[PDB]
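Here we start with a single chain on its own, the form deposited in one PDB entry, put down as structure tokens.
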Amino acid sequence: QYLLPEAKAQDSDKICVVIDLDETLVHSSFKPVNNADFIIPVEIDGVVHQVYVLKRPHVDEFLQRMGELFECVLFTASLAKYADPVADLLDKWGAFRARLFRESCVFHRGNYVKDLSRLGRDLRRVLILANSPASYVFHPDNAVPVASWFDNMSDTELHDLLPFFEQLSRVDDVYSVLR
């Protein structure tokens, strides 16, 4: 059985975008951060440690617009206990139609790979937004690369990518643009 259910009626017409979390939409740390966007208590082996979460600039406008344009899916190599709470707080618009975590990845040569063929979507209408090439080794032609983000508060990358996504939201085959 495939990773995603059948697309709901308002989604099946649209391109699927699988979206990366860490260093794509946010940067998270165990090391304390003073003006954090949010903080998640996470249990590692019976001990609760605080995860300090920074929101990449323009992420609200990015997720709002992407949820209109696409069937958005969160696909992260991190674990649900960290990533769910993060998504709950990040996703104000119901942009993420589904969530996928580390167990859904494939560990290949030391790296967690998002394997798009397991999705249940026609690959001509699947895109992946990620910050490290290794997460899409199997599907480089489906990828929209993004720089790894940590704390650069004048980064504009998510905002600057939107017109490109406007374009892709409308094509029939994504390989026609990502040749």
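Start at 1 with the first residue shown and count on from there.
We do not show the form deposited with a partner chain bound, though everything after this point is about it.
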| query | finding |
| --- | --- |
| Complete contact of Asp22, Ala77 and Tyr82 with its partner chain in the bound PDB entry (any heavy atom, 4.5 Å) | yes |
| The unique member of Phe30, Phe38, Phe150, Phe138 whose heavy atoms fall within 4.5 Å of its partner chain in the bound PDB entry | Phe30 |
| Contact assignment for its partner chain in the bound PDB entry, among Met66, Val42, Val126, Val59, heavy atom within 4.5 Å | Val42 |
| Option from 66-74, 22-30, 116-124, 150-158 whose residues, in the bound PDB entry, bring a heavy atom within 4.5 Å of its partner chain | 22-30 |
| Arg102: touches its partner chain in the bound PDB entry, heavy atom cutoff 4.5 angstroms | yes |
